[PDB]
Amino acid sequence: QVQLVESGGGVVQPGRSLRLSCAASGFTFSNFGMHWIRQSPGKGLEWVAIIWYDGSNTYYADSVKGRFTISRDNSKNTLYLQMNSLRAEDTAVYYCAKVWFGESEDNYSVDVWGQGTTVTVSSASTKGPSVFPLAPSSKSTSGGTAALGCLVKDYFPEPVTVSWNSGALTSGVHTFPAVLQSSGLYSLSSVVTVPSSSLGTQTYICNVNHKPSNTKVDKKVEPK
Amino acid sequence: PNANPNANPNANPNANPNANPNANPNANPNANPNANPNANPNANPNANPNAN
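Given below as structure tokens:
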């Protein structure tokens, strides 16, 4: 069926440029106009640009007019978005989308969305995480259930993976979504509930992995 | 009985103004055949962004 694959996203410092591409297959790409639409947690869904099937007419959102340039290569079946003078608020997931087929006098929007590519505009440098133990004690025990965890602090960029006992412990694990701090570094927590009668005897180790920095940390969590 | 069957005619010539301000539901719901058939000089001269 129809398939759209975005590529080109990554980490870019503010003020620099970045070029996104969208490879289309499963349909005659040269016969359809295309949209670029971005999604951010702060603004939700936000239309960015539209291009005609032949590139004759292009339109842009007001917040990006003059900085972004949408183009296409119908011989390569590729849609392009050149982004210049990036600001912090442009960090979002960018989707390409295909205009649906309709009648000659109708208004048009998109019916098939691409997979999406993440763009993070930040001046933070690549940095491995600091792993701190969330130690269980009497203050984290209610009956026969205790809670312990690992705090993964001050890393950039996203994402990081957390496992417990090399994947052997999955029941009751809650890894929270990362939060962006005032310093531009991300931080998150991962917690697990265990039988209180197992504390002190069963070994629990959290395995944090961060591919952008090739960081692998096995942190042992001991009670207080 | 045998009251005056004509106008005053010095009656009220102004609005009520407490008359009905709503839209009469039993109005004309059809198109006025002799309405404006010309093109509007003050219309949209741009290109619809949502056009095909």
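So the protein sequences, as listed, match chains F and X.
Taking the deposited numbering, I'd label the letters of the first sequence as residues 1 to 52, 52A, 53 to 82, 82A to 82C, 83 to 100, 100A to 100F, 101 to 214.
According to the deposited numbering, the second sequence is numbered sequentially starting from 4.
All residues carry an ideal CB built from backbone N, CA and C; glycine is no exception.
Contact under 8 Å by Cβ, residue i with residue j
{"i": "residue 138 (chain F)", "j": "residue 122 (chain F)", "result": "no"}
{"i": "residue 104 (chain F)", "j": "residue 93 (chain F)", "result": "yes"}
{"i": "residue 91 (chain F)", "j": "residue 118 (chain F)", "result": "no"}
{"i": "residue 109 (chain F)", "j": "residue 45 (chain F)", "result": "no"}
{"i": "residue 177 (chain F)", "j": "residue 196 (chain F)", "result": "no"}
{"i": "residue 135 (chain F)", "j": "residue 186 (chain F)", "result": "yes"}
{"i": "residue 69 (chain F)", "j": "residue 57 (chain F)", "result": "yes"}
{"i": "residue 87 (chain F)", "j": "residue 153 (chain F)", "result": "no"}
{"i": "residue 82C (chain F)", "j": "residue 174 (chain F)", "result": "no"}
{"i": "residue 71 (chain F)", "j": "residue 82A (chain F)", "result": "no"}
{"i": "residue 100F (chain F)", "j": "residue 96 (chain F)", "result": "yes"}
Nearest neighbour of residue i, chosen from the options [CA to CA]
{"i": "residue 205 (chain F)", "options": "F:148, F:187, F:179 and F:188", "result": "F:148"}
{"i": "residue 3 (chain F)", "options": "F:32, F:27, F:10 and F:82C", "result": "F:27"}
{"i": "residue 20 (chain F)", "options": "F:152, F:31, F:37 and F:191", "result": "F:37"}
{"i": "residue 161 (chain F)", "options": "F:151, F:182, F:178 and F:174", "result": "F:182"}
{"i": "residue 192 (chain F)", "options": "F:159, F:113, F:79 and F:173", "result": "F:159"}
{"i": "residue 53 (chain F)", "options": "F:34, F:63 and F:43", "result": "F:34"}
{"i": "residue 63 (chain F)", "options": "F:75, F:74 and F:47", "result": "F:47"}
{"i": "residue 167 (chain F)", "options": "F:155, F:157, F:156 and F:151", "result": "F:151"}
Alpha-carbon spacing of residue i relative to residue j, whole angstroms
{"i": "residue 98 (chain F)", "j": "residue 1 (chain F)", "result": "19 Å"}
{"i": "residue 128 (chain F)", "j": "residue 214 (chain F)", "result": "8 Å"}
{"i": "residue 208 (chain F)", "j": "residue 50 (chain F)", "result": "47 Å"}
{"i": "residue 107 (chain F)", "j": "residue 49 (chain X)", "result": "34 Å"}
{"i": "residue 9 (chain X)", "j": "residue 46 (chain X)", "result": "49 Å"}
{"i": "residue 199 (chain F)", "j": "residue 54 (chain X)", "result": "49 Å"}
{"i": "residue 102 (chain F)", "j": "residue 30 (chain F)", "result": "15 Å"}
{"i": "residue 73 (chain F)", "j": "residue 32 (chain F)", "result": "10 Å"}
{"i": "residue 170 (chain F)", "j": "residue 52 (chain F)", "result": "37 Å"}
Any C-beta of chain X under 8 Å from that of residue i
{"i": "residue 73 (chain F)", "result": "no"}
{"i": "residue 59 (chain F)", "result": "no"}
{"i": "residue 62 (chain F)", "result": "no"}
{"i": "residue 65 (chain F)", "result": "no"}
{"i": "residue 100C (chain F)", "result": "yes"}
{"i": "residue 203 (chain F)", "result": "no"}
Residue-level contact to chain F via CB, residue i, 8 Å cutoff
{"i": "residue 9 (chain X)", "result": "no"}
{"i": "residue 19 (chain X)", "result": "no"}
Residues of the stretch 28-52 of chain X whose Cβ lies closer than 9 Å to any Cβ of chain C, in chain order: Absent from the structure: chain C. Protein chains present are F and X.
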